[PDB]
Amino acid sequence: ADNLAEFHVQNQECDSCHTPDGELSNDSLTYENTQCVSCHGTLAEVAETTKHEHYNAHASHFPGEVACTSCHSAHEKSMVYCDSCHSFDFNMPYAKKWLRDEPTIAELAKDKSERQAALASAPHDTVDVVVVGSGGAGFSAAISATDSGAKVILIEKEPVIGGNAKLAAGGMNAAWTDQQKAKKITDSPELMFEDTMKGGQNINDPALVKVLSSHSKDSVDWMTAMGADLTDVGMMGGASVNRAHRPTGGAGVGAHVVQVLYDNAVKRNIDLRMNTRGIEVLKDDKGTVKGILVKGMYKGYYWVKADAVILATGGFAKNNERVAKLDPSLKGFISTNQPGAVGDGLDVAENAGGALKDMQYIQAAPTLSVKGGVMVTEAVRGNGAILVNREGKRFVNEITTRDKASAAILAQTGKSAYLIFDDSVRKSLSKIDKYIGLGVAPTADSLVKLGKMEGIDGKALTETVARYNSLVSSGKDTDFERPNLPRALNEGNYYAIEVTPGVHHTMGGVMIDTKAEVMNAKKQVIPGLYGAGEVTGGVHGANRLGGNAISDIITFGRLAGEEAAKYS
């Protein structure tokens, strides 16, 4: 057969997958997927039949309930969503190579036809607030608005939830939490403010950072009340003390927090629609929003009538064309991001009259795995790893800010470097076992052997770690002034990961005030329109601190849903 449907119909009726009238249930294909699961079992149950030692298409790090049709289309060949970041050895029936080419909001102007018909019709729904994007900001807004008495619809343009937020692995910053106190850490919202402003080269909007620092503990409290584990507290670059919260043992914070938010949304019966792209904010004759035009992948264009629209669409770091026009030094770099993170939400915001700010400020993650092409968290350095070049030497304070660390690595021989650590660092952060499982962390029982394996001067590497361990025990790094020296690298085997910077986060975006209201260039509020999360500009200035994005998206997402409900 040439497609999955043709296969099944050899022995099955159309109504084995379809509804009686044969119309598709909705853009989430809820009915249809339910049919796949009635015959094949849950994703979990299927996974039992497709195990590989180090990977499984049906049991991945993605949170929520991933629909079969995310990867298996019926009447045409389809793509494995995992192939957008990885190249595992898969044999999916009726597969085609991964290719993403989603038309821009401006290209969608060619559907004048269909769009006019949709706006001429009745609104398909009339609700209080529509939230665009199912990452951390969007789920937070949806839940908090629902808790304040609003009726909400949450839309996601991708087949899966979570955006980039499901990928976060270092932690969520907050001060001064019960969690920190339990770990004997002393901190304060003021100190977090100070670190953040200084880290952003004082380009940050001080009113927005004051919201970020002052609300941070309550956001950790809010998430924990919903069931999250944020009790591990680690160090990230540019911070005066440990304040990056994450699940016990140093597991990834992203997947976890998104799963908690998803469970809480399902608990509240929130209307979540997948494969549903927000296209155009609609305004009444006085300029306040009145609804939003959306495009369903399977049911087409329709609009929703609502008093408020909350844009929670994420950044544009996957769009290297737009990145390179703003910062040419990042042209051609690999990105850490999900395939959808291309900035179409910003375009929707601008078309509604929102201004943009700080767009030229774009952050590279210093340590993308060269071998795996995926992000390696800053927590690996925060928990004790060092960086060495091919010469086998240290060359940078490994917990300085991301802009300086990226430049340092790029300046080394071959424009890459190596994370070096031992089993004491490995056991302190369980996320590291995930890198080892990916195959990107070669290991050996001695640095001379490791160096020969990886093309690092083995003798110089050995002396480099002995010297580093001596500064650790003597409590001061006189070589690169690293201010926190948590562990000696001296237990068990030794690991190396080859790393180079990758495009990661866009600090600029839609201009918002402290109530998450979107503003135009005249600094006037657009009534009804809100922005929260990486789509916004002004929170992080010229350089974002690791851990501060997850913090931002919960605080501003929650704030925005509450303001939108009150606006109503």
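A residue's number is simply how far along the shown sequence it sits, counting from 1.
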**Request:** Could you settle it for me: does 91-99 or 67-75 have the higher average Cα B factor in the PDB entry?
**Result:** 91-99
**Request:** Can you let me know which of the two, 231-239 or 131-139, has the higher average C-alpha B-factor in the entry?
**Result:** 231-239
**Fill in**
Per the deposited B-factor column, the C-alpha that peaks among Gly533, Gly509, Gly528, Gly41 belongs to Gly41
**Request:** Sort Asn397, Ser406, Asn319, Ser473 by C-alpha B-factor from the entry and give me just the highest.
**Result:** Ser473
**Request:** Grab the CA temperature factor for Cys17 from the record and place it in the lowest, middle or highest third of its chain.
**Result:** highest
**For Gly315, the third of its chain into which the C-alpha B factor falls** = lowest
**Request:** Would you please rank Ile436 by its C-alpha temperature factor against the other modelled residues of its chain and give the third it falls in: lowest, middle or highest?
**Result:** lowest
**Message:** Is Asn269 in the lowest, middle or highest third of its chain when residues are ranked by C-alpha B-factor?
**Reply:** highest
**Request:** Quick one: classify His505 as lowest, middle or highest third of the chain based on its Cα B-factor.
**Result:** lowest
